[PDB]
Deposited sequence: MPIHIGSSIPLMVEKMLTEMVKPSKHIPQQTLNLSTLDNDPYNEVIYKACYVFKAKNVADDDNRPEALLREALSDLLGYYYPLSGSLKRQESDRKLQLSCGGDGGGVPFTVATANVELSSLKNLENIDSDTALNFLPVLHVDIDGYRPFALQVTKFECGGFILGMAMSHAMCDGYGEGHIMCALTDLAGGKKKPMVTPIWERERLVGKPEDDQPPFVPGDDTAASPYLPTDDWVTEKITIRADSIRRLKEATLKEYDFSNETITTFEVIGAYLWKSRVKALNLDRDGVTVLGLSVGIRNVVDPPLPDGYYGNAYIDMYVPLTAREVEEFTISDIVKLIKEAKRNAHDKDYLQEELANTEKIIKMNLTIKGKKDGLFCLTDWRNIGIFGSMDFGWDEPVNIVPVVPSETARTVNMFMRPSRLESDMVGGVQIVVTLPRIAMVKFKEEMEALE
């Protein structure tokens, strides 16, 4: 009989005056495919000064550095580009909630239904001036433990930026006076052309159709692939083809395996083209590379097109080859600028059954310490945006308390109930 009740929502402003300014964003930031809300729960165990008072104070100091987080995002009808008005002005919503259970009856969110996870996550405050891109919630439990939930405009940051923001927040909450990385803006370094005569590539357009779609009985489950299974899939993949000098990554073999199993589960039109989308960091593709204080979107999506027949008939090694080549092309500066141009064309001009995007958030907890008194979250659960979940499979790391899953990977999959049944059975073949 779980009931989570919000007690309060305050608007928290920067601890120092910010001159009124209007900021522009990068081409990657303005990508209307990226106007989704990232969400993550940080689960803290009880202790042997209340956490919400410490975090609220740190948030106000955090906005001294990350003051664009306190502004308002709005897309201009002239540009169809985003504008961020900060300073004087604003503030980040901060919600405190209580739950009528102990943390342990939720297993530290190790198996949380992603709908149920919404009870611990804030939403973005929307207004005349647009929406504030950042929001925080603290849900206190009867054990004395608590969950720190966060929402963040994906137009504002990627996971790298999200990770530094949250760690800076807990660093300040723990007594540090400065964050360890100073944030920069510099979003004009990722600004594209666009090209007047070139029709843009739109991902998911004209992809293979599924006999099960459209439906509205979609289910989200979290699938676990153990380090044992990952090695044996790598071992077998290396025997089909020695990649010689090069090593094959877990993201590559699992990604290819998810693609195959998804195509078969959705029974995609074998003559139709299916498209694997993968994100590739480009922090070091620009010259000079972006500093660590850069927290805007700093990746581009690569796409591997195959027929559903090809995906179903190719070996795993055959697909890894294409995946590896997709990542190599991402590392060319001249390709990056034509990706940027393509995005800008999509913006300036203003279904996908049939399009499969892999997302990687295993690194959500590596960018610094989150200890500010209650010792390093016992679990970090990223929650896939409702806007994209049907297209997305997300790689995430297990709880640090799950000793039997050390070195394993968890994949959040969203499929029609029919397809999901056949999808789990294909994944069984990994063990």
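Query raised in the report: Where along the deposited sequence are residues missing from the model?
Result: No C-alpha for residues 1-9, 58-62, 104, 366-370.
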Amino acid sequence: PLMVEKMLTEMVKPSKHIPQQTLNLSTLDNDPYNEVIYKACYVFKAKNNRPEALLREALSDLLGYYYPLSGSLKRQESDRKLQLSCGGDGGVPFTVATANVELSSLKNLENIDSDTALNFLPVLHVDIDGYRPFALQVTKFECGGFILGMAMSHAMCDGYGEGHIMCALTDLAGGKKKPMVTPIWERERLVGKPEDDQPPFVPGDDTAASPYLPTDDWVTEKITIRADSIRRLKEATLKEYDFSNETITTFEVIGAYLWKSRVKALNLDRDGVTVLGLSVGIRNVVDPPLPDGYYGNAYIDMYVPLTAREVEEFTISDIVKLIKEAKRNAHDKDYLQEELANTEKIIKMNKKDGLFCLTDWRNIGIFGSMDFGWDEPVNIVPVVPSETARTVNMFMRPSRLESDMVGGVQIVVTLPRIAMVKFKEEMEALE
From here on, numbers count along this sequence of modelled residues.
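Report task. With reference to the PDB entry, specify whether the mean Cα temperature factor is higher for 139-147 or for 171-179. Result -> The stretch with the larger average C-alpha B-factor is 171-179.
Requested in this report: For the higher mean C-alpha B factor in the entry, choose 214-222 or 265-273.
Outcome: Higher mean C-alpha B-factor in the PDB entry: 214-222.
Query - C-alpha B-factor winner, where the candidates are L25, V12, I411, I18 - result: Among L25, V12, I411, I18, the PDB entry lists the largest C-alpha B-factor for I18.
Report task. Using the temperature factors in the entry, find which of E252, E313, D353, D318 has the highest value at its Cα atom. Result -> It is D353.
**Report entry** B-factor third for the C-alpha atom of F134 within its chain
**Finding:** It falls in the bottom third of the chain.
Report task. Within this chain's modelled residues, let me know which third the CA B factor of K107 belongs to: lowest, middle or highest. Result -> Tercile = lowest for this residue's CA B-factor.
Query - CA B-factor ranking of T207, expressed as a third of its chain - result: Middle third, going by the recorded CA B-factors of the chain.
Query raised in the report: Against its chain's modelled residues, does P382's Cα B factor rank lowest, middle or highest third?
Result: Lowest third.
Query raised in the report: Should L190 be placed in the lowest, middle or highest third of its chain by the C-alpha B factor in the entry?
Result: It belongs to the middle third of the chain when residues are ordered by C-alpha B-factor.
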